[PDB]
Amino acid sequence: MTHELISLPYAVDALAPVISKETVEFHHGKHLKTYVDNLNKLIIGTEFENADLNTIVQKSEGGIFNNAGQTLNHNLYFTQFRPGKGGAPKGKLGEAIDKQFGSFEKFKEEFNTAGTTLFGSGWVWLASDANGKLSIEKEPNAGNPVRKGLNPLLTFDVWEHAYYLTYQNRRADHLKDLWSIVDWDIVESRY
């Protein structure tokens, strides 16, 4: 199979200033393209030749896993954002967040803290199990909740390339701004 560089569901400048047009150009256009290209090369001659991305992330290791995990993480990351959105979650997800974290505000506080305290490169993930129980997962480097059987709902990329051009070392400030571009309709759909 040939894994693809996903086409974005919005214009490249649609998430500015939180994820600037320049950041989308390098993050999506260069980093993700590299992950996809490396993944396509590394799976040739392995048991993942004809596997779907999800299967490769659940089973692979080493370099293959690093590129697979990164491809999946970015695919979910870019597709969960939209301009003119943000706001608070609703429906079952909104109620699940309220019941399990107390309030949306408290949830954001814990999520931001998990993202800020993750040392080095990685991802902070909001994930659910088969019963709807939510958890905040800290995933170093290429980690993804799917490697644990969990459902990936919302992720903040804390690899420095996700925010350095606009925020430099201010990771916390970037995380606080990400909430403004989250499309909760999309996250809710994953739940």
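Start at 1 and count along the sequence shown; that's the residue number.
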Entry-level comparison of average CA B-factors, 74 to 82 and 91 to 99, reporting the higher stretch = 91 to 99
162 to 170 set against 58 to 66, stretch whose average Cα temperature factor tops the other in the entry = 58 to 66
query = Between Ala51, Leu32, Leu39, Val124, where does the Cα B-factor run highest in the record?
reply = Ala51
ask   = Relative to the other modelled residues in the chain, which third contains the C-alpha temperature factor of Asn131: lowest, middle or highest?
value = highest
request  = Rank-wise, by C-alpha B-factor, drop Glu137 into the lowest, middle or highest third of its chain.
outcome  = highest
